[PDB]
There are 2 protein chains.
Amino acid sequence: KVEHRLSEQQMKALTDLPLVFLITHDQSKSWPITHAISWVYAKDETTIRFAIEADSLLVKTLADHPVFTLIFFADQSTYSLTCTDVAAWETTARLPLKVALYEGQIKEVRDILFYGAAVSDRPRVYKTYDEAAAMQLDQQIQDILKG
Amino acid sequence: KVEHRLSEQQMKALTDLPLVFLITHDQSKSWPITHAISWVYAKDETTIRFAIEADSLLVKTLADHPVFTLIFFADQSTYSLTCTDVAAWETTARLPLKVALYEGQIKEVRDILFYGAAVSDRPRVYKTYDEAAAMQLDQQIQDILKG
């Protein structure tokens with residue numbers, strides 16, 4: 001069954017810089033645009049925030065069609081959530097990078113994993129370049145998202 | 001950079017019942033439809049096949065808009081591929097389940113992971129019900145896809 005807010009397990013999973021897949025739609029193409037991102041934060045049971053680089057083609061995409069879908073791992077499954085009323089917002093915090101910040105309200109949360117299976121192990125991601133500075137940057141962005 | 005065929009690493013990754021995310025578009029909704037599937041097979045560098053249950057809402061979706069996008073893990077990254085000219089096909093093999101079989105031609109393969117990171121560990125999926133029969137079923141479907 002489809003839910004319309006996040007569980008506690010899912011908020012936990014979406015508040016620790018998880019690997020998620022952001023899916024958006026460009027009127028120009030017949031297929032959706034996908035990005036893997038980790039600068040994501042579940043502010044509460046119905047609110048998702050994320051940060052992207054300000055020069056991203058996503059800025060226009062999200063302005064034109066203020067909807068997104070995230071695929072994420074939580075519990076022992078894979079879920080999708082979809083947000084509407086997606087809006088850019090701004091922080092008074094110092095920006096460490098030129099980023100655009102987004103917020104959306106959750107409309108649906110669906111368990112998308114096939115029948116009879118479960119995820120024993122979620123993906124693990126590491127930094128391949130500049131690890132110590134890159135981790136501190138992730139924390140700075142997280143702090144802005146949670147503000 | 002965007003590629004237009006699969007590498008050997010990617011074919012390897014898409015020929016071992018991987019966990020992938022299938023993304024399709026329903027004209028009825030303002031957001032894309034997502035499913036996690038493992039019945040997927042890269043027949044060659046430009047050809048993807050998959051199997052879904054015949055009663056799936058995807059049958060109409062794919063007929064109406066013969067395009068799909070798959071997100072998958074390969075190398076130490078996350079990629080998307082998109083297929084056009086998506087068509088149902090039929091096997092002369094005995095069907096173990098009422099399934100619909102699809103084939104598409106790859107148009108683009110993109111590395112969608114964020115800068116400066118790599119996937120150390122891909123997701124692991126296990127059977128929670130009926131493991132021995134479910135694994136044999138996966139093999140039967142794989143055999144049909146590779147036929």
# chains A, B, ... in the order shown; residues from 1 in each chain; ligands from 1
call {"tool": "closest_atom_pairs", "arguments": {"of": "chain B", "to": "chain A", "cutoff": "8 Å", "atoms": "only C-alpha atoms", "output": "CSV"}}
result
residue,atom,partner,partner_atom,distance
B:23,CA,A:32,CA,7.7
B:24,CA,A:31,CA,7.8
B:25,CA,A:31,CA,7.7
B:30,CA,A:67,CA,7.3
B:31,CA,A:67,CA,6.8
B:32,CA,A:69,CA,7.4
B:34,CA,A:112,CA,6.9
B:35,CA,A:112,CA,5.1
B:36,CA,A:113,CA,5.0
B:37,CA,A:114,CA,6.1
B:67,CA,A:31,CA,6.8
B:68,CA,A:31,CA,6.9
B:69,CA,A:31,CA,7.0
B:78,CA,A:36,CA,7.4
B:80,CA,A:34,CA,7.1
B:82,CA,A:31,CA,7.3
B:112,CA,A:35,CA,5.1
B:113,CA,A:36,CA,5.0
B:114,CA,A:37,CA,6.1
B:116,CA,A:128,CA,5.5
B:117,CA,A:127,CA,4.4
B:118,CA,A:125,CA,5.5
B:119,CA,A:125,CA,4.3
B:120,CA,A:124,CA,5.6
B:121,CA,A:124,CA,5.0
B:122,CA,A:123,CA,4.8
B:123,CA,A:123,CA,4.7
B:124,CA,A:121,CA,5.0
B:125,CA,A:119,CA,4.3
B:126,CA,A:117,CA,5.5
B:127,CA,A:117,CA,4.4
B:128,CA,A:117,CA,5.3
B:129,CA,A:116,CA,5.5
B:130,CA,A:116,CA,7.9
call {"tool": "select_by_dssp", "arguments": {"residues": "region 20-75 of chain B", "states": "alpha helix (DSSP H)", "output": "VMD selection string"}}
result
chain B and resid 58 to 64
call {"tool": "write_last_selection", "arguments": {"atoms": "N, CA, C and O atoms", "output": "PDB file, in the first residue's frame"}}
result
ATOM      1  N   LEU B  58       2.205  -1.347 -16.280  1.00  0.00           N
ATOM      2  CA  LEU B  58       3.262  -1.015 -17.217  1.00  0.00           C
ATOM      3  C   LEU B  58       2.959  -1.426 -18.652  1.00  0.00           C
ATOM      4  O   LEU B  58       3.451  -0.804 -19.587  1.00  0.00           O
ATOM      5  N   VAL B  59       2.146  -2.457 -18.855  1.00  0.00           N
ATOM      6  CA  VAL B  59       1.867  -2.884 -20.225  1.00  0.00           C
ATOM      7  C   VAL B  59       1.255  -1.732 -21.017  1.00  0.00           C
ATOM      8  O   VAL B  59       1.729  -1.384 -22.097  1.00  0.00           O
ATOM      9  N   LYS B  60       0.204  -1.123 -20.486  1.00  0.00           N
ATOM     10  CA  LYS B  60      -0.392   0.023 -21.164  1.00  0.00           C
ATOM     11  C   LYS B  60       0.591   1.205 -21.272  1.00  0.00           C
ATOM     12  O   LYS B  60       0.722   1.811 -22.333  1.00  0.00           O
ATOM     13  N   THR B  61       1.285   1.498 -20.185  1.00  0.00           N
ATOM     14  CA  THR B  61       2.265   2.618 -20.150  1.00  0.00           C
ATOM     15  C   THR B  61       3.298   2.471 -21.292  1.00  0.00           C
ATOM     16  O   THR B  61       3.507   3.375 -22.104  1.00  0.00           O
ATOM     17  N   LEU B  62       3.875   1.280 -21.401  1.00  0.00           N
ATOM     18  CA  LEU B  62       4.874   1.013 -22.435  1.00  0.00           C
ATOM     19  C   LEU B  62       4.343   0.979 -23.850  1.00  0.00           C
ATOM     20  O   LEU B  62       5.069   1.268 -24.794  1.00  0.00           O
ATOM     21  N   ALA B  63       3.073   0.607 -24.007  1.00  0.00           N
ATOM     22  CA  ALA B  63       2.436   0.627 -25.321  1.00  0.00           C
ATOM     23  C   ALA B  63       2.239   2.089 -25.756  1.00  0.00           C
ATOM     24  O   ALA B  63       2.473   2.453 -26.916  1.00  0.00           O
ATOM     25  N   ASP B  64       1.770   2.902 -24.816  1.00  0.00           N
ATOM     26  CA  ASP B  64       1.422   4.295 -25.083  1.00  0.00           C
ATOM     27  C   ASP B  64       2.673   5.141 -25.290  1.00  0.00           C
ATOM     28  O   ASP B  64       2.698   6.028 -26.143  1.00  0.00           O
TER      29      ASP B  64
END
call {"tool": "select_by_dssp", "arguments": {"residues": "region 5-38 of chain A", "states": "strand (DSSP E or B)", "output": "list in words"}}
result
residues 20, 21, 22, 23, 24, 33, 34, 35, 36 and 37 of chain A
call {"tool": "residues_around", "arguments": {"residues": "region 141-146 of chain A", "least_positions_apart": "3", "cutoff": "7 Å", "atoms": "only C-alpha atoms", "output": "PyMOL selection string"}}
result
chain A and resi 39+41+43+49-50+91+93+137-138
call {"tool": "write_last_selection", "arguments": {"atoms": "C-alpha atoms", "output": "PDB file, in the first residue's frame"}}
result
ATOM      1  CA  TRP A  39      22.571  16.330  -0.207  1.00  0.00           C
ATOM      2  CA  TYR A  41      17.270  15.879   4.183  1.00  0.00           C
ATOM      3  CA  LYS A  43      12.826  17.929   7.521  1.00  0.00           C
ATOM      4  CA  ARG A  49      14.869  19.373   1.199  1.00  0.00           C
ATOM      5  CA  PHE A  50      17.864  19.000  -1.088  1.00  0.00           C
ATOM      6  CA  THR A  91      19.365  30.309   3.629  1.00  0.00           C
ATOM      7  CA  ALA A  93      23.861  30.837   6.349  1.00  0.00           C
ATOM      8  CA  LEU A 137      31.543  20.092   2.900  1.00  0.00           C
ATOM      9  CA  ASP A 138      28.844  17.440   3.144  1.00  0.00           C
TER      10      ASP A 138
END
call {"tool": "residues_around", "arguments": {"residues": "residue 88 (chain B)", "least_positions_apart": "3", "cutoff": "7 Å", "atoms": "only C-alpha atoms", "output": "list in words"}}
result
residues 100, 101, 102 and 103 of chain B
